[PDB]
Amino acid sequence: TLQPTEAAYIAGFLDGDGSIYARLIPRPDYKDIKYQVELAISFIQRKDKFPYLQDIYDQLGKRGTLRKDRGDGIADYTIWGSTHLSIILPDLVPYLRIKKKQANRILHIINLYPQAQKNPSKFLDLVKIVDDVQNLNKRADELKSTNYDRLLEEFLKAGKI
């Protein structure tokens, strides 16, 4: 199992070369709510240092998928899905600093999702948090994300709310 010093190290590496984000994919095949919520944490590093990513990979119980080369000489290690993020994250949050807020919003999105997936009014409250995770990852001078406002006018126009 994950040692406290192994969790702190990864917490610290993630704060620096890693990313905790969230997005909304347009799914043409979905029924009422035509969007998938994707939640992830990643580690980015030049392709030569690849073995170091693999090591962490092993420490986190081989969860997620490694990639030797995105296609620009960079390697990444990506972990999406609430299953893995509901077991990994809580082991890191206590040690995370810069991206602690992010991590806690993700966790929050996870526990609200089972009731929001077939209910437009709740899905909208969930998407509002999606917008917070994204803004937290932006400069103060950058344009804020607008997922909620665009889904609100789409849910009304569709008579879903």
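We number the residues from 1 along the sequence you see.
In this entry, the higher average B-factor at the C-alpha atoms falls on 47-55, of the pair 95-103 and 47-55. When 36-44 is weighed against 57-65, 57-65 comes out higher, by mean CA B-factor as recorded in the entry. In this entry, the residue among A140, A11, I25, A22 with the greatest C-alpha B factor is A140. Comparing the C-alpha B-factors of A116, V127, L136, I110 in the entry, the top value falls on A116.
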